[PDB]
Amino acid sequence: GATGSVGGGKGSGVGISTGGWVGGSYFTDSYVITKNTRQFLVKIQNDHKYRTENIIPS
Amino acid sequence: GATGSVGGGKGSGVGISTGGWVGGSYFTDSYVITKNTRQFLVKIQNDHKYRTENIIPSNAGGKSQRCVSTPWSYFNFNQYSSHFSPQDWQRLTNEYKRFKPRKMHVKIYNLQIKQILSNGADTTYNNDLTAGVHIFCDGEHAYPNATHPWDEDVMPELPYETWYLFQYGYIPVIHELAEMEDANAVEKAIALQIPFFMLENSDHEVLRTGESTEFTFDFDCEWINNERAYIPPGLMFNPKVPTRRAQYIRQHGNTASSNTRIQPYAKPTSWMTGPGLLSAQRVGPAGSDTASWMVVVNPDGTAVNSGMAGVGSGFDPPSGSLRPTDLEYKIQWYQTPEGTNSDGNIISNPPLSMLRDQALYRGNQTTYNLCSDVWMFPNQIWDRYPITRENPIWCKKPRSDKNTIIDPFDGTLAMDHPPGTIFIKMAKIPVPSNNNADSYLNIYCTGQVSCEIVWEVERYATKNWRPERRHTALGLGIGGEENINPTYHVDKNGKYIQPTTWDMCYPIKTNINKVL
Amino acid sequence: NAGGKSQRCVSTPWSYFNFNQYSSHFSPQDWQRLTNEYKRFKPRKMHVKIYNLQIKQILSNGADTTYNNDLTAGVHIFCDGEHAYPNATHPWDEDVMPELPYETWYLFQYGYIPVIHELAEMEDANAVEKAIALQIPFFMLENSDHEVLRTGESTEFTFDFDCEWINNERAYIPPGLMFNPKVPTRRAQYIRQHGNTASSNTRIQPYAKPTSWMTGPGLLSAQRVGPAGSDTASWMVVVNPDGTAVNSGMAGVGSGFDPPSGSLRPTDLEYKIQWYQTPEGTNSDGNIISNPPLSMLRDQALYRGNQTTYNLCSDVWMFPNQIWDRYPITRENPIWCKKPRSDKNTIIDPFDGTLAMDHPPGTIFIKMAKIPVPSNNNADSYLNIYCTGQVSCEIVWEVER
Amino acid sequence: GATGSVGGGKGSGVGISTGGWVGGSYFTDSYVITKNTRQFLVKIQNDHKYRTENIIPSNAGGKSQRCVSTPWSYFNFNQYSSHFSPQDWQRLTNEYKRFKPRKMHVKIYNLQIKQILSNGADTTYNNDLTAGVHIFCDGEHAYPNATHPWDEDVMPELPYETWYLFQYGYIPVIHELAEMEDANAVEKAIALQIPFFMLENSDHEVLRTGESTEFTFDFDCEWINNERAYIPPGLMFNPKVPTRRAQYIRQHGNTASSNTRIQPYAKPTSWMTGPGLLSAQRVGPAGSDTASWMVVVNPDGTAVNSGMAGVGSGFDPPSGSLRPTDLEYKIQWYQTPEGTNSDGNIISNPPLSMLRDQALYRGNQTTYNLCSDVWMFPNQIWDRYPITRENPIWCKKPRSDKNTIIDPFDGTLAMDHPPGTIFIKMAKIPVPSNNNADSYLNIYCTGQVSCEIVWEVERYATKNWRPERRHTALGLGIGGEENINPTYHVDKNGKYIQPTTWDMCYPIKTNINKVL
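1. Some words on helix α2 (residues 86–95) of chain B
The buried fraction of α2(B) amounts to 10 of the 10 residues, a majority that puts the element mostly inside the structure. Taken residue by residue, α2(B) has B:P86, B:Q87, B:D88, B:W89, B:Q90, B:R91, B:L92, B:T93, B:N94 and B:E95 as its buried positions.

In structure tokens, the structure reads:
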């Protein structure tokens, strides 16, 4: 941020973060920039397999 | 330290520390440096969500602020006891006639995020090495301010106490408007305009355990004056020198009209008493907001029937540089959060500076009567409130078009941009839930925070022949469990003994004389 | 059980290392070779390294106890080289660096005496005791900078001794015996007339030659007082600022001064330095009593002629032309002592044989990071952890054959 | 002064001043400078001749010193109140842990010799423009010393008081020898050896009214320590740490022999009580020389029947760093020359430093008994006598072959060469007399004397958390003719109010703590 300094090293590791939160918008005449960060969750889908099935209707 | 060598490598990692403990003060003629390190704890606030709720008041008739509560926590450095030991504060107020903060450096480092595992009654803790902590400084004051003077949970006075950050929150609305009685169009328009602030709307830094961050701030500040006046500005003249001025006395019933030369000891002054409001008196129960003078904003819609003790903020101390008539007009606080019922409270006293306890008296042509309200008037001269080590340092000065002289009556330095508040939050770590819900990993963060203030100081020189008042340990008291322990010491239970009087807190504008 | 004699201390969360003793730095082999082959030695430089650190969390599941590494936990390490704080160590203290290298060292808590407690007792209302109390200093080690180490970090310390020599040589004769018994002397003596012995003026005998060199100082007179539990020493060094009629049974008010004897021959076992070899030593089992080295500068006496016999005068104060030797030190003696800061002092020759210096090696203070855990109720609860590491001490000793 | 310009010419003359008034102090970190100017008066002493006479004693049995009195006068700068205001002394003892004198500069200037004309009851004064004044500094101490510590007529404490120099004189003999009872050969040999000193035996400078003189001196001094000990050296250890040491208790009648480990709170010390002599008691009437301990020199000839109270000098304070048992062992003085009968006297008190009031107790194997005489012994450690602003600064250390540690018990700095005394005398102006006689012109000299001391100082730094004792004006008293006037101030008659207690004089070794 303003006059901020991160003391994490340049080397990657388990205890080093790979980035930081970005957010907010910036308006000019010619362009607008939107910045958005989300925390996502990925879990196991479909029991690790491909299946071809008919969707049951109502 | 002296001839010390650390054998940790330059590369960052899980097993490398990101800094070391700093502590102590350093005194020079031009500046003083205070170094302070604390161990802090950050935990999950507000169940990871933003909420807007009314604060429930006490048994008193309901007076409620509506706040937005956030998942975020913040650091609050604003107080002198946090940056100065009682030793260092004594030396500051004895040896220097003025001081101000110059630059500030904050470092957050040696961070640990641990998962909280509940097996049962027993609780276990495991490092989450990949968990991040979100740290953000608002230097432009783009969000509402986190801190308010005289607030609790400020950086611990003693360096070995843990700091447990408070949840961040702000008041979006005037709640008497948010109540929305029946259908009122202006209250509807106030409500549709209520702002909402998420800290996620900006960029912040995410730190894992091997990372650290630093912050720097430059104060642009007016001086805090430590000198006292031994006479009023009305007394500076020579009583043996005659004056050219004449006075006229209107004829009373038993006293004839007369025109005479002013007495050499009676010489008139051009310098007015400072402003202050002595008139009003406190109202209502303790639970409700109660102050003699109530500052309100009513946009529309009300007949002001509300028992407006809660509608306004309340203004105290009202008195300024006037001598407080009652204890109600005095700044008083508690030394510890457990302070209650005039136990542990410290009441401010007159510094015995002649710019401080002031009055106007209005001649009714028989006697003199005290006129309570002294408004701002030309040629007024006064001194700022004498501040002890327990006072807050600064206040956020609100953005506005117009303002009068800025001299907060609690003694804080009011500025457009104070040091920006550092907001800290742990990463919000979801865990899968088969049922639809939001469940999160239960974690907490501990780290070290170091604050380094550079204070600009100036020594005094006097032509006074006689010795002057100084702060001494002999004005301190004894307390404890066995009642053998002096102030600012610890007892057999580890309890820190607290100053029981306002003098034990070593106020300014006591020791050092100035010639007007 | 003795009548209450109590010091008031400040106890700290900190621990310290104590290197002060010879058995810690010398094997019995190395000590033997030192004292056989060298006439003097002194410490020259000291190097300490703290490394291979492990912080482990202590987990109580139940009767069983498990240990897990905390990889991000730091340990706080601080050296006080300027002696800005009170000293951690005192000579002859226990829990010094283990004599044998394979024994674990378990650091003791640091603490200091802020007050004279007979003053801190504050009987009734006394103004001077009130003034003493308001002046009691308080020291936190957190008031300074210290280094924080995680498990992959290490630290090092260096110290240069400026020391006087420790002399290993003995005297085979007193300084009073150095002359030739067959050479006549020019000196004459006069004997006052006794009742049955006439006045006479005669030449001094060639074997009787007089000496210019005095017995060293020492205090033989006083005797120990009171029960074992109370502080008891023949000679009691006290400081009374004001306020007391000194009724206190001052055995506890003062520190007590022993050995008092200096280079005088101890009259009683009470005047001898004795210690125990192990912390389990009790009741004259495992105790070692110091003996005369059989050096002629060591067991000394004055006798005062009453013109019939000679009587031993117990107190020999400091006097010109006194000559003596320092207390003979074994491998179990402490090496140095902190010499207290003061305006004025006499000759510094501690009677226990330690080297007293303005700045000894600074004490290294060690503490684990204080790791809080959240508590829903308001309290202070901390993570239960401990640190193990390796500490290496390297002394360079200057010797002379 | 500030942007000031003197229009007096560079050439010296009757109408040109040889200097200007200097005053005030200047504080830095490394040094302090004191500047003092006084107006002095020199008049004719001893009728222009050297005389050797016995001093007449009081109603007490005759005890008499034989002195040589001289026509000369001298300046005496030795005291702190002369160079420091009460303000400056307070600041010195609060802000600095040690100080010593560094260099000294004296200037004698603006001299006026006036003839005293007696017409009758009226007395007139006329300038003698050609009259000289003789000024001499003895820097090598070739003559006997003029000054002795605690002497009166030292440079006035307040700068506006006139200084009236005292006649110089010295003791050539021990007078009990000079008495020469009957015929004694050794007393005859002592008498034939009595030295005689004229100041005229050396070179001195002669000044007329347009002349001035300057003197410089460099102190080589040990420090004066302002710090205090909060514990004895016997208490520095940890009461919870066990000790290896064992003790043996001899069997008493009802107490069996035992050999046990020393208690962790009982740990023995290697550090001895400082020396002092408590035994002796004062003797005889007040008029005679009376001290508990009497230092004499008897070369021969006497059976010492003389009531030797007068033969010796007397040694006090005898006590050193031992706690004084009686008031007889305490240093006490009077603030003014008019002080009498415990009115205006200040008695020294314990500084409450733990290196100061000390004792030995000797176990008799039942109780402890105080042994009065503590001689010099190895491993003794103590502090110097705490000095107030009224103490003399230095003492002349006598030339001798051998000496022990130099620690004068009054706190003065004893040195081989102190600042040399400046002797001043007017020219001896004869007038013709027809009858044979010696008649002289009656004249007196007034001038300005300025003394500038550079003091080397050092500030303190502490790790102590708590506030420390400081000297404050609130420890001062009120006095005067109307009893409304504080200490170190003047009353309506111009009388300067004096400290009535030893604390009001601000001793050292009180405020600043040191860790042993």
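2. A look at the side chain of D:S64
Residue and element names in this part refer to chain D. Residue placement: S64 occurs in the loop between β3 (51–54) and β4 (66–74). Of note is the side chain of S64, whose polar atom sits 2.4 Å from the backbone oxygen of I55. Leaving out residues up to four positions away in the same chain, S64 has contacts with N54, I55, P57 and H175.

3. Section: the relation of the copies chain D and chain B
Expressed as a screw operation, the relation of chain D to chain B combines 0.0 Å of axial shift with a rotation of 180°, fitting to an RMSD of 0.0 Å. Put plainly, the chains are arranged around a two-fold axis. Proximity to the rotation axis, assessed at the C-alpha, singles out D:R470 in chain D; its C-alpha lies 3.4 Å from the axis. In this assembly the copies share their binding face: 100% of the residues contributing to the interface of chain D also contribute to that of chain B.

4. Things to note about the arrangement of the chains
Here four pairs of chains make contact, and the pair sharing the most contacts is chains C and D. Structurally, chain A and chain C remain out of contact, their C-alpha atoms never closer than 10 Å. Across all C-alpha pairs, the smallest distance from chain A to chain D is 30 Å, and the two are not in contact.

5. Some words on the state of the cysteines
Each disulfide consists of one covalent bond between the sulfur atoms belonging to two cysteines. Residue and element names in this part refer to chain C. Applying the stated criterion to the full structure yields zero disulfides over all chains. The structure places no disulfide on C393, whose sulfur is separated from the nearest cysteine sulfur, that of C79, by 12 Å. For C393, a relative accessible area of 23% puts it in the partly exposed group.

6. A few points about the interface of chain D and chain B
The figure often quoted for interface size is the accessible area lost as the parts come together. Chain D puts 36 residues into the contact, and the matching count from chain B is 36 residues. Between chain D and chain B lies a buried interface of about 2800 Å² when both sides are counted; carbon and sulfur atoms form 52% of it. Considering only the surface of chain D that becomes buried against chain B, D:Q87, D:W465 and D:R466 emerge as the three largest contributors, covering 28% of it. The interface formed by chain D and chain B holds zero salt bridges in total.

7. Quick word on unusual backbone geometry
Cis rather than trans, the peptide bond between C:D258 and C:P259 has omega equal to 0°. Here C:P259 is to be found in the loop between β12 (235–239) and β13 (274–276). Here D:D316 and D:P317 are connected by a cis peptide whose omega angle stands at 0°. Structurally, D:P317 is set in the loop between β16 (276–277) and β17 (332–334). One non-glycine residue, C:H83, adopts positive backbone phi at about 50°. Position of C:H83 relative to the elements: it lies in the loop between β4 (75–80) and β5 (109–112). The backbone of C:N321 shows a phi angle near 65°, a positive value even though the residue is not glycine. Its location among the elements puts C:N321 in the loop between β17 (315–316) and β18 (336–338). Looking at C:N321, the relative accessible area reads 41%, which means it is partly exposed.

8. Digging into the sheet that holds strand β6 (residues 147–149) of chain C
Residue and element names in this part refer to chain C. If you trace the five strands from one edge of the open sheet to the other, you get β5-β1-β21-β4-β6, paired in antiparallel fashion. The sheet is open, and its two borders are formed by β5 and β6, each paired with just one other strand. On average, adjacent strands in this sheet sit at an angle of 45° to one another, irrespective of strand direction. Two elements, β4 and strand β21 (residues 363–368), share six bridges in a ladder whose sense is antiparallel. Paired with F78 across the two strands is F365, which belongs to β21.

What counts, and at which threshold
The residue numbers shown here are sequential, starting from 1 for each chain in the order of its written sequence. They can differ from the numbering used in the entry, and residues that have no coordinates are not displayed. To read the labels, note that chains go from A and ligands from 1, taken in the order they are written. The full assembly is larger than what is shown, and all values describe the shown chains rather than the whole. To obtain the side-chain values, all non-hydrogen atoms of the structure were included, while hydrogens and water were left out. Residues with missing side-chain atoms are left out of burial classes, side-chain pairs and their counts. Residue burial is assigned from relative accessible area. The probe radius is 1.4 Å, only protein chains are included, and a residue is buried under 20% of its type maximum, exposed over 50%, and partly exposed in between. Elements are defined by DSSP. Helices are runs of H or I of four residues or more, strands are runs of E of two residues or more, and each kind is numbered from the N terminus. Any pair of N or O atoms that falls within 3.5 Å is considered a polar contact. Within protein, one atom must be able to donate a hydrogen and the other to accept it, and sequence-neighbouring residues count only if both atoms are side-chain atoms. Every residue pair with non-hydrogen atoms within 4.5 Å of one another is taken to be in contact. Note on alignment: the copies are superposed with a least-squares fit restricted to their C-alpha atoms. Working definition: a disulfide is two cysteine sulfur atoms within 2.5 Å of each other. By definition, the buried area sums, over both parts, the 1.4 Å-probe accessible area that each loses when the two are put together. Think of a salt bridge as a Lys or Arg side-chain nitrogen and an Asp or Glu carboxyl oxygen that are within 4 Å of each other. At least two DSSP bridges between two strands are required for those strands to pair. Fitting a line to C-alpha atoms yields each axis, with helices limited to the stretch in contact; the angle taken between N-to-C directions then spans 0 to 180 degrees.

Note that every value here comes from positions in space, so none of it alone points to a role or purpose.
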